[PDB]
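Asks: Could you have a look at this structure, given as structure tokens, before my questions?
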Amino acid sequence: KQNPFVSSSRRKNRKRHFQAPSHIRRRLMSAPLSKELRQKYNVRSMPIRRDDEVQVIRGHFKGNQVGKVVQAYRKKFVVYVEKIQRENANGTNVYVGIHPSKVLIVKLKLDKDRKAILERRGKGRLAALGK
Amino acid sequence: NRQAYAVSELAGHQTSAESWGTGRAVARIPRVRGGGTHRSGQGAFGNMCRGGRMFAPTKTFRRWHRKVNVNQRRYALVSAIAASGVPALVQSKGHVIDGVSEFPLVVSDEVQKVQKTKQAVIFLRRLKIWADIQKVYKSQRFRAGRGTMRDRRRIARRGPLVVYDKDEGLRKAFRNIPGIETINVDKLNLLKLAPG
Amino acid sequence: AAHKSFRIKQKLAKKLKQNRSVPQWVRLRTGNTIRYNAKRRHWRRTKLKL
Amino acid sequence: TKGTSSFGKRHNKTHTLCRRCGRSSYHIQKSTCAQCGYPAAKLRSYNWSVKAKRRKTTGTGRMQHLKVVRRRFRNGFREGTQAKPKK
Amino acid sequence: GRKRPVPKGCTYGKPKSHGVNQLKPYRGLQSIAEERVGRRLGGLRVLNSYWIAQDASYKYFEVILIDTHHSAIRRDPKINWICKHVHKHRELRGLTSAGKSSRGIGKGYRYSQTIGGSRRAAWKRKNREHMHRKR
Amino acid sequence: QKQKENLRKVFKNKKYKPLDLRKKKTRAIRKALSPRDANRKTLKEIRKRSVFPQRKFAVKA
RNA sequence: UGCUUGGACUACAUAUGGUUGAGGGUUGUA
RNA sequence: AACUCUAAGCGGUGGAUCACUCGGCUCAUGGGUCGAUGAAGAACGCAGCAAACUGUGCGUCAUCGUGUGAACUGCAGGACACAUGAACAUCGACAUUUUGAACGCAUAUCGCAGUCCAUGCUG
RNA sequence: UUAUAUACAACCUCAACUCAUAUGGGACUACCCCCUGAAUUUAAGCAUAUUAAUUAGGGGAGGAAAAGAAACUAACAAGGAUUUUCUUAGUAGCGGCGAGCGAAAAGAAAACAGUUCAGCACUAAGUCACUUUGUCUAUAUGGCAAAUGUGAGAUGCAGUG
RNA sequence: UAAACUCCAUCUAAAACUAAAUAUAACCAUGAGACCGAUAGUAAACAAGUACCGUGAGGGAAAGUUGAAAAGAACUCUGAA
RNA sequence: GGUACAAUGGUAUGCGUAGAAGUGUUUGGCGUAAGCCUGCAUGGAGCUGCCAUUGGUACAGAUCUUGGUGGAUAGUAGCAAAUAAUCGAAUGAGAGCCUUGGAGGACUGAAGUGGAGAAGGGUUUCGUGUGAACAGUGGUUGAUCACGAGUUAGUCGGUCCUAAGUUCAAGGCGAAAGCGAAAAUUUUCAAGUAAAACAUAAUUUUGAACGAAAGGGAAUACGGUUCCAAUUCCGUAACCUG
């Protein structure tokens with residue numbers, strides 16, 4: 001917008017994210033926190049993980065029921081949640097893929113690193129609201 | 001503000017293709033040479049061929065820019081300030097102004113210190129200028145090109161122009177409102193003062 | 001020829017292993033486009049020129 | 001008998017493989033490649049054919065050394081150090 | 001002079017092209033002299049060359065040449081300019097005193113058209129066709 | 001690299017270390033007058049250097 | 001000593017030294 | 001309900017038209033870096049299942065150290081190897097086969113040496 | 001020494017080495033320097049001319065290169081290295097005086113930076129490279145000193161200029 | 001404007017270095033556009049300098065699009081399929 | 001002057017998943033005309049009117065270019081050289097083939113259609129499996145397609161030697177490349193020593209290398225063995241080199 005090393009080209013923005021590698025594709029794989037975890041942590045969004053719990057917002061499954069994810073299938077830009085599912089012709093349960101923008105994290109899986117993102121994404125909100 | 005375009009200077013001409021002449025029962029154009037590849041012997045070099053050079057290729061030394069007399073760009077700036085009074089002519093560029101106080105709208109130098117976009121829209125609300133911004137949002141479209149693939153998909157049409165003298169904060173504060181742009185007195189672009 | 005060199009026998013060996021099909025899982029990868037093998041030669045229709 | 005009958009006598013090779021370029025264009029009696037001009041210290045290329053130069057330029061193959069040197073330029077050709085850990 | 005190396009099936013062209021046996025080089029015998037030393041000795045730079053004798057078929061020259069990676073050419077700051085990389089094969093580029101004269105480099109008027117440098121730098125300039133933006 | 005780091009400990013203090021324990025930068029950079037005498041100077045230029053420094057001045061009335 | 005196996009080396013042209021030298025090429029104490 | 005003519009409807013054959021675009025092209029900006037320390041290029045090898053492309057060199061679709069911090073996925077198999085770090089980038093460590101300016105001599109040959117150091121079999 | 005019969009020396013011209021140390025070839029192609037050099041074309045024919053001091057061929061470098069601090073202009077009230085742009089100017093000139101071709105000084109800009117040798121009554125070789133030994137602190141074709149060890153150097157090295 | 005006289009001006013050739021403004025279809029990294037939109041734009045949007053042809057120098061293609069998600073049509077009948 | 005196409009700048013408080021572009025059409029029209037508006041049907045995400053300025057701006061032709069298609073024609077085009085097959089059986093979804101085995105009539109007639117090699121080819125060989133395509137008819141078979149396998153040497157060859165010749169070596173030459181040289185260049189340019197004495201001492205320069213799977217050139221034969229290899233494995237008996 002005001003940076004001359006920033007492209008507003010359709011072409012270069014579609015290309016730089018479909019060809020994103022699978023660790024830029026974690027930050028592209030992001031989902032909003034719940035309004036209680038947004039209020040507990042002062043963190044708005046998060047990169048999704050495996051043992052995170054999750055509610056579906058848009059699309060046919062549309063949600064009030066929280067299930068945990070089982071694949072952050074970064075290659076398709078899609079997640080698979082534990083009971084969001086579908087049938088084959090021959091009665092096999094297949095997981096239906098949801099993009100993380102259309103989903104809502106209600107319980108984050110925490111270890112020593114997923115906690116330290118919260119003490120980094122929340123500390124940099126009070127330090128960006130006090131401007 | 002235009003940029004140069006041209007086809008490649010070697011395109012259509014990357015073939016060693018000569019003409020079978022007559023009498024080989026096929027027309028006399030340069031046909032590609034060898035064998036076994038769908039491409040021989042097929043038709044090369046021509047505007048009417050498939051893969052040839054275009055009829056006269058576009059060159060990068062077209063005159064794209066222009067010299068206008070300076071006294072003729074002063075004449076046009078002047079005729080775009082005398083039409084930014086006259087509310088028959090602002091009312092015929094669209095431009096909701098049936099609640100605007102005076103023509104010319106002169107406001108204080110206190111508008112030149114507006115520092116947030118929240119403050120800036122109240123000024124446009126209080127001075128009944130906001131009804132032209134609301135017509136800016138109702139004109140936000142997509143282009144019907146071809147321009148959509150060439151980085152001009154779109155945003156709106158034009159709104160008010162805030163000629164200012166000093167900039168204490170108002171070009172930042174008016175930066176994000178659609179349709180609005182702020183300009184210094186001494187410069188005065190004609191491209192911004194009579195758009196189109 | 002039945003008297004070849006070591007270097008013609010290794011270039012003949014590499015074109016021999018390269019004359020497999022595409023494995024059929026490869027058409028099961030995501031967004032795959034490879035359908036057949038496009039670099040299959042027969043020994044009788046296209047020659048190697050070696 | 002310039003044609004069909006004459007072409008059955010083709011069973012000897014004018015060009016075997018070439019030991020620089022790997023094309024089967026090394027003339028055996030000349031002992032001279034027709035493509036890279038092999039036993040001659042310097043490659044054969046010409047400005048009257050840009051398509052041929054195109055086909056064997058730098059970066060038609062692997063560039064096994066050059067694009068490590070491109071990645072090393074941007075770091076100032078540093079050597080003998082490693083990234084100390086944090087953070 | 002320079003016999004023109006056309007094959008005795010001599011020069012095909014228009015009759016201005018037919019000269020074989022009375023043409024001269026553009027570089028002198030001293031120019032071509034230290035040229036023949038700079039090739040055969042690629043590990044050394046040619047500084048300057050000098051006539052020492054001649055008779056009827058051979059002029060011959062001494063050539064001052066310099067071992068540029070020696071630890072006394074490089075450590076000594078007067079001569080030390082030619083240990084640089086714009087001085088690799090200067091004698092093959094017209095840059096020694098003998099190769100320099102063939103080029104036609106001087107001031108002012110008589111030496112006019114090599115006025116940007118080379119001679120070909122000057123045809124490039126004098127034929128340069130500036131289309132302007134504002135034109 | 002437990003054995004090349006050991007050879008680099010032995011070919012400390014010796015001039016003429018092996019060509020592999022020796023700084024492959026580029027071929028052009030390794031030859032081109034190591035800057036410890038690319039910018040050494042004649043005694044005539046060190047004596048023009050120490051008598052008239054560029055003075056530091058300002059002009060207007 | 002003995003056959004195998006592994007490694008180092010063995011191109012050319014050049015510069016500066018080193019080392020061995022050639023020459024009734026100029027000379028010298030005898 | 002021969003065949004023919006014409007029209008539309010349905011089916012075919014064909015792949016225009018329109019709408020797409022990790023591709024071209026053109027203009028400009030910043031920067032200056034190959035190789036006898038073996039380049040560019042070539043060849044052949046290398047994956048649990050792989051032919052090509054991409055990557056690589058017997059340490060062979062990778063690689064020390066860093067960064068990030070849970071995947072990779074077509075299918076298995078393992079991840080107890082975050083929680084002392086997957087996958088990715090990055091890359092400063094180590095490494096880089098036969099070649100190739102190509103350097104023991106050759107090479108339509110995996111042909112023939114020498115000198116030397118070691119080991120593995122007599123004594 | 002040399003009846004080419006004992007040595008001895010020293011130079012000078014040249015050798016040899018799998019000697020110590022080093023240096024060089026090859027690649028790329030857009031720009032750059034040095035060379036070699038056409039014909040189509042146009043002239044309504046065509047040979048000079050033109051195309052062109054160009055395509056192609058050959059060689060050599062750098063991030064730019066080349067050029068460059070006057071054997072330059074002018075004829076002034078004088079200017080002052082190089083290179084690039086504007087103008088001079090399609091001008092002066094050149095040309096089967098046909099086709100065609102064709103610069104420069106001054107002026108206006110951009111940028112600005114200046115110097116070094118050889119050769120004299122420099123007036124104690126006042127210099128340099130190795131190698132070894134002390135000894136600095138890159139993984140140094142470095143730093144200093146010692147032996148001034150061996151050589152370059154009086155067929156001329158440094159400083160001044 | 002060639003020559004001879006007598007001037008005048010003007011430089012100091014036959015040795016050497018030198019940044020900057022300048023150039024840049026290549027390379028490393030970028031940004032753009034009144035450009036093209038798959039018979040177009042690179043020859044090449046795709047495993048493209050590929051397949052393939054030529055002894056060789058060299059010549060050199062065609063080929064983008066299910067759907068939002070494979071949910072990629074279980075099962076039955078008929079058939080050698 | 002007017003109309004089609006694509007854009008850019010303005011503009012229409014334009015239109016659009018409640019269906020845009022496109023296409024289809026006996027929906028109804030308007031325009032002298034280029035063309036336009038409209039309904040319905042398909043379609044699934046973009047597009048149009050106006051003012052200006054534009055441009056790779058309008059096709060029936062070019063033995064135009066690329067692609068697709070029609071007749072001719074399901075064919076009086078044709079699939080007729082190399083004598084020739086027939087019976088019965090089994091398999092099979094289906095048999096004139098190549099599928100097999102049996103019987104039988106024939107041909108090649110050994111200067112072969114037999115058995116082996118050299119070029120060249122490169123897995124085609126072989127076993128099992130086989131579905132489309134290919135085998136210009138068929139196909140249960142295949143030199144096709146899938147899968148699995150297969151090539152063993154001191155004695156056969158290469159490799160060694162030279163031929164005709166070739167590549168290089170600094171006399172040379174050339175702006176160079178390089179001679180579409182053949183260098184024959186070249187101070188001791190090459191050898192020699194159970195290695196020496198009043199030079200250690202006797203001697204030689206055409207350098208060098210490549211170039212023959214038919215020339216030259218050490219040494220092996222038998223019997224057996226496999227789905228597939230054999231002067232190579234196995235057994236047996238020899239031989240050459242060091």
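Letters A, B, ... mark the chains of the structure tokens in the order given; residue numbers begin at 1 per chain; ligand numbers begin at 1, in order shown.
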Among chain B, which residues carry a DSSP assignment of alpha helix (DSSP H), reported as number ranges by chain?
Replies: B: 70-78, 117-126, 130-137, 170-173, 190-193
Asks: Set the cut-off to 12 Å and count only C-alpha atoms: what are the residues of chain A that reach chain C? Output as an NGL selection string.
Replies: :A and (73 or 75-76)
Asks: Which one of K:223, K:198, K:16, K:180 sits closest to chain E if you count only C-alpha atoms (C1' of nucleotides)?
Replies: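 Answer, going by the shortest atom-to-atom distance: K:180.
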Asks: For a quick test of understanding: name the residues of chain C lying within 8 Å of chain H when counting only C-alpha atoms (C1' of nucleotides), and present them as a PyMOL selection string.
Replies: chain C and resi 5-7+10+17-23+25-30+37-39
Asks: Would you list which chain D residues are within 12 Å of chain H using only C-alpha atoms (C1' of nucleotides), as a PyMOL selection string?
Replies: chain D and resi 12-29+31+36+38-43+55-87
Asks: Taking 3 positions as the minimum chain separation for residues in the same chain, which residues sit within 10 Å of residue 118 (chain B) when counting only C-alpha atoms (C1' of nucleotides)? Answer as a PyMOL selection string.
Replies: chain B and resi 114-115+121-123+173-174+177
Asks: Could you give me, as number ranges by chain, the residues within 9 Å of residue 17 (chain A), counting only C-alpha atoms (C1' of nucleotides) and dropping anything in the same chain fewer than 6 positions from it?
Replies: A: 24-25, 28; H: 22
Asks: I need the chain H residues near chain B as a ChimeraX atom specification; criterion: at most 7 Å, counting only C-alpha atoms (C1' of nucleotides).
Replies: /H:25-27
Asks: Identify all chain J residues at most 10 Å from chain B by counting only C-alpha atoms (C1' of nucleotides); ligands do not count. Present them as a PyMOL selection string.
Replies: chain J and resi 25+32-37+39-43+51-54+58-62
Asks: Tell me, in Å to one decimal, how far CA of residue 40 (chain F) is from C1' of residue 150 (chain I).
Replies: 27.3 Å
Asks: List the neighbours of residue 164 (chain B) out to 8 Å using only C-alpha atoms (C1' of nucleotides); skip same-chain residues closer than 2 positions along the sequence, and give me the result as a ChimeraX atom specification.
Replies: /B:112,162,166-167,182-185
Asks: Any chance you can output those residues with N, CA and C atoms as a PDB file, in the first residue's frame?
Replies:
ATOM      1  N   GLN B 112      -7.428  21.202   8.579  1.00  0.00           N
ATOM      2  CA  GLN B 112      -6.089  20.752   8.237  1.00  0.00           C
ATOM      3  C   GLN B 112      -5.374  20.071   9.374  1.00  0.00           C
ATOM      4  N   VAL B 162     -10.202  17.879  -1.352  1.00  0.00           N
ATOM      5  CA  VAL B 162      -9.928  18.804  -0.266  1.00  0.00           C
ATOM      6  C   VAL B 162      -8.622  19.509  -0.578  1.00  0.00           C
ATOM      7  N   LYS B 166      -1.498  23.733   4.275  1.00  0.00           N
ATOM      8  CA  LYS B 166      -0.547  22.965   5.044  1.00  0.00           C
ATOM      9  C   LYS B 166      -1.183  21.648   5.431  1.00  0.00           C
ATOM     10  N   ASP B 167      -0.344  20.689   5.774  1.00  0.00           N
ATOM     11  CA  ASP B 167      -0.785  19.340   6.076  1.00  0.00           C
ATOM     12  C   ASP B 167      -0.324  19.043   7.492  1.00  0.00           C
ATOM     13  N   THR B 182      -6.902  14.534  -1.091  1.00  0.00           N
ATOM     14  CA  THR B 182      -6.418  15.803  -0.578  1.00  0.00           C
ATOM     15  C   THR B 182      -5.256  16.291  -1.436  1.00  0.00           C
ATOM     16  N   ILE B 183      -5.224  17.595  -1.758  1.00  0.00           N
ATOM     17  CA  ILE B 183      -4.270  18.174  -2.710  1.00  0.00           C
ATOM     18  C   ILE B 183      -3.822  19.546  -2.217  1.00  0.00           C
ATOM     19  N   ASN B 184      -2.575  19.905  -2.500  1.00  0.00           N
ATOM     20  CA  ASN B 184      -2.004  21.172  -2.069  1.00  0.00           C
ATOM     21  C   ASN B 184      -2.482  22.285  -2.995  1.00  0.00           C
ATOM     22  N   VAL B 185      -2.376  23.545  -2.555  1.00  0.00           N
ATOM     23  CA  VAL B 185      -2.913  24.627  -3.388  1.00  0.00           C
ATOM     24  C   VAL B 185      -2.000  24.878  -4.565  1.00  0.00           C
TER      25      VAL B 185
END
Asks: Between chain B and chain K, at 10 Å or less, what are the per-residue closest atom pairs and their distances in Å? Count only C-alpha atoms (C1' of nucleotides), order by chain and rising residue number, and return it as a tab-separated table.
Replies:
residue	atom	partner	partner_atom	distance
B:7	CA	K:56	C1'	9.9
B:22	CA	K:63	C1'	9.4
B:23	CA	K:63	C1'	9.3
B:24	CA	K:63	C1'	9.3
B:25	CA	K:63	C1'	6.1
B:26	CA	K:63	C1'	5.9
B:27	CA	K:63	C1'	5.6
B:28	CA	K:63	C1'	8.7
B:29	CA	K:64	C1'	8.9
B:42	CA	K:65	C1'	8.2
B:43	CA	K:65	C1'	6.3
B:44	CA	K:65	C1'	8.6
B:46	CA	K:65	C1'	8.5
B:47	CA	K:65	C1'	8.9
B:48	CA	K:65	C1'	5.6
B:49	CA	K:65	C1'	4.1
B:50	CA	K:65	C1'	5.7
B:51	CA	K:65	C1'	9.1
B:52	CA	K:65	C1'	9.4
B:54	CA	K:56	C1'	7.5
B:55	CA	K:56	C1'	7.8
B:56	CA	K:56	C1'	8.6
B:57	CA	K:56	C1'	8.0
B:58	CA	K:56	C1'	7.9
B:92	CA	K:11	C1'	9.9
B:93	CA	K:11	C1'	7.5
B:94	CA	K:11	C1'	7.9
B:95	CA	K:13	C1'	9.8
B:96	CA	K:13	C1'	9.2
B:131	CA	K:13	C1'	9.5
B:132	CA	K:13	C1'	8.9
B:134	CA	K:13	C1'	7.8
B:135	CA	K:13	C1'	5.0
B:136	CA	K:13	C1'	8.1
B:137	CA	K:13	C1'	8.8
B:138	CA	K:13	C1'	6.0
B:139	CA	K:13	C1'	7.4
B:142	CA	K:46	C1'	8.5
B:143	CA	K:47	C1'	8.4
B:144	CA	K:47	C1'	5.4
B:145	CA	K:7	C1'	8.1
B:146	CA	K:7	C1'	8.3
B:147	CA	K:7	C1'	8.5
B:157	CA	K:11	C1'	8.5
B:158	CA	K:10	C1'	8.9
B:191	CA	K:9	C1'	9.8
B:194	CA	K:10	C1'	9.2
B:195	CA	K:10	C1'	6.3
B:196	CA	K:10	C1'	3.9
Asks: Could you dump the residues just selected with N, CA and C atoms as a compact mmCIF listing (two decimals), in the first residue's frame?
Replies:
# COMPACT_ATOMS: atom_id res chain seq x y z
N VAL B 7 5.21 -6.55 -28.48
CA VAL B 7 5.54 -7.95 -28.64
C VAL B 7 7.05 -8.13 -28.71
N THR B 22 6.57 -23.04 -56.39
CA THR B 22 5.65 -23.81 -57.19
C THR B 22 6.52 -24.85 -57.88
N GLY B 23 5.96 -25.78 -58.67
CA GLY B 23 4.66 -26.38 -58.60
C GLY B 23 4.47 -27.60 -57.74
N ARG B 24 4.35 -27.40 -56.43
CA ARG B 24 4.18 -28.45 -55.44
C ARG B 24 2.77 -28.53 -54.89
N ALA B 25 1.80 -27.93 -55.58
CA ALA B 25 0.37 -27.96 -55.32
C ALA B 25 -0.02 -27.35 -53.98
N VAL B 26 0.86 -26.58 -53.36
CA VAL B 26 0.54 -25.95 -52.10
C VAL B 26 1.09 -24.54 -52.21
N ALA B 27 0.42 -23.60 -51.54
CA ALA B 27 0.63 -22.17 -51.71
C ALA B 27 1.99 -21.74 -51.17
N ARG B 28 2.44 -20.57 -51.62
CA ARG B 28 3.86 -20.27 -51.77
C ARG B 28 4.50 -19.71 -50.53
N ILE B 29 3.92 -19.89 -49.36
CA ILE B 29 4.37 -19.22 -48.16
C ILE B 29 5.55 -19.97 -47.54
N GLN B 42 3.58 -27.11 -42.67
CA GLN B 42 3.20 -25.96 -41.84
C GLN B 42 3.86 -24.61 -42.00
N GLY B 43 3.53 -23.80 -42.98
CA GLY B 43 3.17 -22.45 -42.57
C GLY B 43 3.91 -21.55 -41.61
N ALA B 44 4.99 -20.87 -41.96
CA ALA B 44 5.59 -19.96 -40.98
C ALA B 44 5.66 -18.53 -41.49
N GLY B 46 4.15 -15.59 -41.28
CA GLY B 46 3.20 -14.61 -41.77
C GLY B 46 2.14 -14.19 -40.78
N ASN B 47 1.54 -13.04 -41.05
CA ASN B 47 0.43 -12.55 -40.24
C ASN B 47 -0.77 -13.49 -40.32
N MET B 48 -1.00 -14.08 -41.49
CA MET B 48 -2.04 -15.05 -41.77
C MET B 48 -1.70 -16.48 -41.39
N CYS B 49 -0.46 -16.78 -41.06
CA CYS B 49 -0.03 -18.07 -40.59
C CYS B 49 -0.27 -18.17 -39.11
N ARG B 50 -0.05 -19.35 -38.56
CA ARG B 50 -0.40 -19.67 -37.18
C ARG B 50 0.90 -19.84 -36.44
N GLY B 51 1.37 -18.77 -35.85
CA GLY B 51 2.69 -18.79 -35.30
C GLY B 51 3.59 -17.77 -35.92
N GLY B 52 3.12 -17.03 -36.92
CA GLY B 52 3.90 -16.02 -37.58
C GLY B 52 4.03 -14.75 -36.78
N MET B 54 3.05 -10.90 -36.10
CA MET B 54 1.86 -10.13 -36.37
C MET B 54 2.11 -9.12 -37.48
N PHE B 55 1.05 -8.70 -38.16
CA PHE B 55 1.16 -7.50 -38.96
C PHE B 55 1.49 -6.37 -38.04
N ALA B 56 2.21 -5.40 -38.57
CA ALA B 56 3.39 -4.74 -38.08
C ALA B 56 3.44 -4.80 -36.59
N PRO B 57 4.45 -5.48 -36.05
CA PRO B 57 4.57 -5.64 -34.60
C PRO B 57 4.59 -4.32 -33.89
N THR B 58 4.06 -4.34 -32.70
CA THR B 58 4.07 -3.15 -31.90
C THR B 58 5.47 -2.92 -31.37
N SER B 92 -23.84 18.38 -12.08
CA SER B 92 -23.90 17.57 -13.28
C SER B 92 -22.71 16.62 -13.43
N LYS B 93 -21.82 16.54 -12.45
CA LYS B 93 -20.90 15.41 -12.38
C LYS B 93 -21.38 14.35 -11.42
N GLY B 94 -22.65 14.27 -11.20
CA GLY B 94 -23.17 13.44 -10.12
C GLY B 94 -23.26 14.23 -8.82
N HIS B 95 -22.41 13.91 -7.85
CA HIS B 95 -22.00 14.81 -6.78
C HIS B 95 -23.13 15.39 -5.94
N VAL B 96 -23.56 14.65 -4.93
CA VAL B 96 -24.62 15.07 -4.02
C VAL B 96 -24.20 16.31 -3.25
N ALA B 131 -23.00 12.69 2.05
CA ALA B 131 -23.92 12.09 1.11
C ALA B 131 -23.31 11.85 -0.25
N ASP B 132 -22.12 12.39 -0.53
CA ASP B 132 -21.39 12.04 -1.74
C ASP B 132 -20.45 10.88 -1.51
N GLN B 134 -21.46 8.40 0.37
CA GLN B 134 -22.36 7.27 0.34
C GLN B 134 -22.73 6.88 -1.06
N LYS B 135 -22.60 7.78 -2.01
CA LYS B 135 -22.75 7.50 -3.43
C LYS B 135 -21.48 6.91 -4.01
N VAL B 136 -20.36 7.09 -3.33
CA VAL B 136 -19.11 6.45 -3.71
C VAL B 136 -19.15 4.96 -3.40
N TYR B 137 -19.66 4.58 -2.22
CA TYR B 137 -19.79 3.18 -1.87
C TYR B 137 -20.81 2.44 -2.72
N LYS B 138 -21.81 3.13 -3.22
CA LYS B 138 -22.79 2.50 -4.07
C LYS B 138 -22.34 2.38 -5.51
N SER B 139 -21.14 2.85 -5.82
CA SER B 139 -20.58 2.75 -7.15
C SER B 139 -19.42 1.79 -7.19
N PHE B 142 -16.97 -4.18 -9.99
CA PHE B 142 -15.87 -4.73 -10.74
C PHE B 142 -15.95 -4.18 -12.15
N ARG B 143 -14.79 -3.94 -12.73
CA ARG B 143 -14.68 -3.57 -14.13
C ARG B 143 -15.24 -4.67 -15.02
N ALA B 144 -15.75 -4.28 -16.17
CA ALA B 144 -16.27 -5.25 -17.11
C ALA B 144 -15.24 -5.65 -18.17
N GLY B 145 -13.97 -5.65 -17.82
CA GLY B 145 -12.91 -6.17 -18.66
C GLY B 145 -12.57 -7.54 -18.17
N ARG B 146 -11.36 -8.07 -18.44
CA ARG B 146 -10.04 -7.70 -19.02
C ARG B 146 -9.18 -6.75 -18.32
N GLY B 147 -9.70 -5.99 -17.40
CA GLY B 147 -8.83 -5.11 -16.68
C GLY B 147 -8.73 -5.79 -15.36
N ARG B 157 -16.17 5.27 -7.83
CA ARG B 157 -16.03 6.50 -8.61
C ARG B 157 -15.52 7.63 -7.70
N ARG B 158 -15.44 8.86 -8.22
CA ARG B 158 -14.72 9.95 -7.54
C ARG B 158 -15.63 10.75 -6.63
N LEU B 191 -5.56 16.67 -13.64
CA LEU B 191 -6.06 15.31 -13.73
C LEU B 191 -6.93 14.96 -12.53
N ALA B 194 -10.37 18.05 -12.77
CA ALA B 194 -11.42 17.74 -13.74
C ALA B 194 -11.24 16.31 -14.19
N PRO B 195 -11.52 15.31 -13.34
CA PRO B 195 -11.30 13.92 -13.72
C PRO B 195 -12.21 13.46 -14.85
N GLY B 196 -11.59 12.88 -15.87
CA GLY B 196 -12.30 12.39 -17.01
C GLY B 196 -12.38 13.34 -18.16
Asks: For a quick test of understanding: name the residues of chain K lying within 12 Å of chain D when counting only C-alpha atoms (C1' of nucleotides), and present them as a PyMOL selection string.
Replies: chain K and resi 118-121+165-168+177-178+180+210-211
Asks: Next, dump the selected residues to file, keeping only C-alpha atoms (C1' of nucleotides), as a PDB file, in the first residue's frame.
Replies:
ATOM      1  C1'   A K 118      29.840 -60.187 -38.895  1.00  0.00           C
ATOM      2  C1'   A K 119      27.558 -55.260 -39.360  1.00  0.00           C
ATOM      3  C1'   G K 120      23.267 -53.323 -37.446  1.00  0.00           C
ATOM      4  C1'   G K 121      19.282 -53.803 -33.568  1.00  0.00           C
ATOM      5  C1'   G K 165      46.782 -43.461 -42.209  1.00  0.00           C
ATOM      6  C1'   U K 166      45.766 -40.136 -37.982  1.00  0.00           C
ATOM      7  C1'   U K 167      46.151 -36.937 -33.742  1.00  0.00           C
ATOM      8  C1'   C K 168      49.310 -34.034 -31.198  1.00  0.00           C
ATOM      9  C1'   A K 177      40.961 -19.382 -35.093  1.00  0.00           C
ATOM     10  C1'   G K 178      43.997 -22.364 -36.614  1.00  0.00           C
ATOM     11  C1'   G K 180      40.694 -28.993 -44.905  1.00  0.00           C
ATOM     12  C1'   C K 210      46.528 -43.898 -31.835  1.00  0.00           C
ATOM     13  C1'   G K 211      44.600 -46.866 -36.161  1.00  0.00           C
TER      14        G K 211
END
Asks: Measure the distance from CA of residue 31 (chain E) to CA of residue 111 (chain E) in Å and round it to one decimal.
Replies: 19.7 Å
Asks: Please report the interatomic distance between CA of residue 88 (chain A) and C1' of residue 75 (chain J) in Å with one decimal.
Replies: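 Calculated distance between CA of residue 88 (chain A) and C1' of residue 75 (chain J) is 13.0 Å.
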Asks: Give the residues of chain E that lie within 12 Å of chain B; count only C-alpha atoms, and format the answer as a list in words.
Replies: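 The complete set of qualifying residues is residues 129, 130, 131, 132, 133, 134 and 135 of chain E.
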Asks: Would you mind exporting the chosen residues as a compact mmCIF listing (two decimals), in the first residue's frame, restricted to N, CA and C atoms?
Replies:
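This is the output file selection-v1.txt:
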# COMPACT_ATOMS: atom_id res chain seq x y z
N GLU E 129 19.90 6.70 -32.25
CA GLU E 129 18.68 7.32 -32.69
C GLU E 129 17.75 7.50 -31.51
N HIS E 130 17.89 8.60 -30.76
CA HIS E 130 17.10 8.84 -29.56
C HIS E 130 15.68 9.21 -29.95
N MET E 131 14.75 8.32 -29.72
CA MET E 131 13.37 8.70 -29.56
C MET E 131 13.21 9.14 -28.12
N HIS E 132 12.60 10.31 -27.91
CA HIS E 132 12.43 10.93 -26.61
C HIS E 132 11.02 10.64 -26.10
N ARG E 133 10.81 10.81 -24.80
CA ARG E 133 9.47 10.63 -24.29
C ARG E 133 8.67 11.82 -24.73
N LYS E 134 9.05 12.94 -24.18
CA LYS E 134 8.57 14.23 -24.61
C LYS E 134 9.30 14.56 -25.88
N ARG E 135 8.62 14.34 -26.97
CA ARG E 135 9.08 14.70 -28.27
C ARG E 135 7.75 14.82 -28.94
Asks: Please provide as an MDAnalysis selection string all residues within 8 Å of region 37-39 of chain E, with the sequence filter that same-chain residues fewer than 4 positions apart are discarded (counting only C-alpha atoms (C1' of nucleotides)).
Replies: chainID E and resid 33 44:46 89 91:92
